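Novice: this one's structure only:
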């Protein structure tokens with residue numbers, strides 16, 4: 001299929017990635033830079049993020065979802081359902097509202113596209129209504145992450161997709177902080193895109209630290225595989 005060919009041929013080997021985030025949560029401002037690489041053949045991403053403005057004023061785990069669904073491994077039988085690749089190289093916009101139960105919310109807008117050979121994710125994040133001493137601004141979340149399936153559906157009237165999913169962040173007292181994610185993606189280009197049947201992406205996420213890095217940072221390894229269309 002010469003459509004499956006095009007986005008395919010952009011993601012076949014290892015692709016360098018750059019991430020840029022501008023953040024303001026309760027007027028606590030911050031910037032993050034990331035660098036790494038994706039290999040969509042294995043659904044594999046390797047990323048390191050650095051808070052360039054000093055201390056990250058929120059827990060690194062709360063930004064994981066915000067910081068590349070084009071690097072999902074779509075099984076051969078599911079290639080016609082891969083919206084994210086199909087929008088490239090012009091890219092797509094990914095928008096979210098993430099509601100932290102009994103605390104504030106993030107609203108994120110990102111543009112995901114190629115700049116030459118580099119896949120770039122430029123993000124703006126605004127957080128409002130957080131409790132200064134809650135789990136988020138009070139840094140009460142553990143530095144870890146659970147696996148989660150994420151259910152994609154077409155949003156045909158917007159020529160894009162919608163995703164809704166829950167993340168449960170572990171609190172240091174053994175409880176959980178729910179983070180209810182609402183998401184919409186739309187192509188940046190005017191060309192045709194693949195609009196998927198309902199399916200899901202299974203995510204596994206490992207957070208770590210670079211022993212040689214003194215700046216506030218996060219090392220992220222994610223494996224992402226599409227499924228649900230037998």
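Specialist: Looks like it came in fine. Residues are numbered from 1 along each chain as shown.
Novice: list the buried residues for stretch 77-87?
Specialist: The neighbour-count check on stretch 77-87 (16 or more other C-beta atoms under 10 Å) flags 78, 79, 81, 82, 83, 84, 85, 86, 87 as buried. Quick note: C-beta positions are derived from backbone N, CA and C, even for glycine.
Novice: ok, and what's touching it?
Specialist: Residues outside stretch 77-87 that contact it (C-beta atoms under 8 Å, 6 or more residues apart in numbering): 1, 3-4, 6-8, 10-11, 40, 69-70, 72, 74, 92, 112, 152, 160-161, 185, 187-189, 192-197, 199, 226-227, 229.
Novice: and the next helix or strand past the helix of greatest length in the chain?
Specialist: Longest helix in the chain, counting residues (DSSP state H): helix 2-8. Next helix or strand after helix 2-8 toward the C-terminus (DSSP states H and E): strand 15-25.
Novice: please state the offset of that next one from the chain centre?
Specialist: The chain centroid and the centroid of strand 15-25 are separated by 10 Å, computed with C-alpha atoms, centre = their mean, to the nearest Å.
Novice: now the element after that strand, going C-ward?
Specialist: Sequence order places strand 28-39 as the next helix or strand after strand 15-25, per DSSP H and E.
Novice: and that following strand, which strands flank it?
Specialist: Strands adjacent to strand 28-39 in the sheet, as given by DSSP bridges, are strand 15-25 (antiparallel), strand 44-51 (antiparallel).
Novice: residue 203 is nearest to which of these?
Specialist: Nearest of the strands paired with strand 28-39 to residue 203, taken as C-beta to C-beta: strand 44-51 at 10.3 Å.
Novice: residues of that closest one that come out buried?
Specialist: In strand 44-51, counting by 16+ other C-beta under 10 Å, buried: 44, 45, 47, 48, 49, 50, 51.
Novice: now swap in stretch 114-132 and tell me
Specialist: The neighbour-count check on stretch 114-132 (16+ other C-beta under 10 Å) flags 119, 120, 121, 122, 123, 125, 127, 130 as buried.
Novice: of those, which is the nearest to residue 222?
Specialist: Nearest to residue 222 among these is residue 121, at 12.7 Å by C-beta to C-beta.
Novice: give me phi/psi at that closest one?
Specialist: Note on residue 121: its backbone torsions stand at phi -130, psi 100 [degrees, to the nearest 10].
Novice: report the contact partners of the residue lying closest to it once chain neighbours are set aside.
Specialist: Leaving aside its sequence neighbours, residue 121 sits nearest to residue 19 (C-beta to C-beta, 6 or more residues apart in numbering; 4.6 Å). For residue 19, the contact set (C-beta under 8 Å, 6+ apart) comprises 32-36, 47, 49, 67-68, 120-123.
Novice: among the contacts of stretch 77-87, which lie within strands?
Specialist: Using DSSP state E, the members of the contacts of stretch 77-87 that fall within strands are 92, 112, 152, 160, 161, 185, 187, 199, 226, 227.
Novice: please pick the buried ones from the contacts of stretch 77-87.
Specialist: Buried, going by 16+ other C-beta under 10 Å: 4, 7-8, 10-11, 40, 69-70, 72, 74, 92, 112, 152, 160-161, 185, 187, 193-196, 199, 226, out of the contacts of stretch 77-87.
Novice: residues contacting residue 205?
Specialist: Residue 205 sits in contact with 64, 145, 146, 147, 220, 221, 222, where contact means C-beta under 8 Å, 6+ apart.
Novice: angle of the helix or strand encompassing it against strand 44-51?
Specialist: Using DSSP H and E, the element containing residue 205 is strand 199-208. Relative orientation of strand 199-208 versus strand 44-51 (axes from the mean of the first three to the mean of the last three C-alpha atoms, to 10 degrees): 50 degrees.
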